[PDB]
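Shown next, in structure tokens, is the structure this report addresses.
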Amino acid sequence: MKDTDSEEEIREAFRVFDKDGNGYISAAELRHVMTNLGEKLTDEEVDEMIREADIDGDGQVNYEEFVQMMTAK
């Protein structure tokens with residue numbers, strides 16, 4: 001669509017922790033977020049699914065790498 005207009009609902013459901021921090025949050029942050037935004041699973045499916053987003057590129061799980069969970073293609 002345009003740059004990244006799909007991270008609107010994501011950054012919102014994830015900014016609760018990295019709102020003004022850096023976008024990249026810890027796994028414990030995702031387990032609580034991915035477990036409620038449009039998604040909703042368990043601290044095991046999320047902590048074991050973060051290996052897909054957060055891995056070492058830069059910050060743990062930022063929005064650019066967080067949308068991969070709510071829509072990993």
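Residues in the structure tokens are named by chain (A, B, ... in the order shown) and by number from 1 within that chain; ligands are numbered from 1 in the order shown.
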Quiz prompt | Distance query residue 64 of chain A at most 8 Å, only C-alpha atoms, self and fewer than 3 positions along chain excluded, as a PyMOL selection string | solution = chain A and resi 7+67-68
As an mmCIF file with N, CA and C atoms, in the first residue's frame, please: the residues near residue 31 of chain A (cut-off 9 Å, only C-alpha atoms, same-chain neighbours under 6 positions excluded).
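Final output, out-v4.cif:
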data_model
loop_
_atom_site.group_PDB
_atom_site.id
_atom_site.type_symbol
_atom_site.label_atom_id
_atom_site.label_comp_id
_atom_site.auth_asym_id
_atom_site.auth_seq_id
_atom_site.Cartn_x
_atom_site.Cartn_y
_atom_site.Cartn_z
ATOM 1 N N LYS A 40 -3.723 -14.071 19.035
ATOM 2 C CA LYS A 40 -4.139 -14.568 20.387
ATOM 3 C C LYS A 40 -3.775 -16.050 20.487
ATOM 4 N N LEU A 41 -2.649 -16.369 21.063
ATOM 5 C CA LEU A 41 -2.254 -17.799 21.160
ATOM 6 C C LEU A 41 -1.818 -18.113 22.597
ATOM 7 N N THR A 42 -0.603 -18.556 22.791
ATOM 8 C CA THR A 42 -0.135 -18.872 24.167
ATOM 9 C C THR A 42 1.307 -18.392 24.326
ATOM 10 N N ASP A 43 1.799 -18.337 25.533
ATOM 11 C CA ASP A 43 3.199 -17.873 25.740
ATOM 12 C C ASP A 43 4.174 -18.900 25.155
ATOM 13 N N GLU A 44 3.690 -20.055 24.789
ATOM 14 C CA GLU A 44 4.596 -21.087 24.208
ATOM 15 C C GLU A 44 4.629 -20.932 22.689
ATOM 16 N N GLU A 45 3.494 -20.745 22.077
ATOM 17 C CA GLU A 45 3.463 -20.580 20.598
ATOM 18 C C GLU A 45 4.123 -19.252 20.229
ATOM 19 N N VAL A 46 3.998 -18.270 21.077
ATOM 20 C CA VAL A 46 4.602 -16.940 20.781
ATOM 21 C C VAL A 46 6.101 -16.960 21.085
ATOM 22 N N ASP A 47 6.485 -17.457 22.225
ATOM 23 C CA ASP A 47 7.936 -17.491 22.566
ATOM 24 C C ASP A 47 8.666 -18.408 21.584
ATOM 25 N N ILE A 50 8.689 -16.452 18.083
ATOM 26 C CA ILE A 50 9.511 -15.217 17.956
ATOM 27 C C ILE A 50 10.808 -15.556 17.215
#
Exercise. Give the alpha helix (DSSP H) residues of chain A, as assigned by DSSP on the backbone, as number ranges by chain.
Key: A: 8-18, 27-33, 43-47, 63-70
Exercise. Quick one: everything within 10 Å of residue 16 of chain A, counting only C-alpha atoms, minus sequence neighbours fewer than 6 positions away in the same chain. Send it as an NGL selection string.
Key: :A and (23 or 25 or 29 or 33)
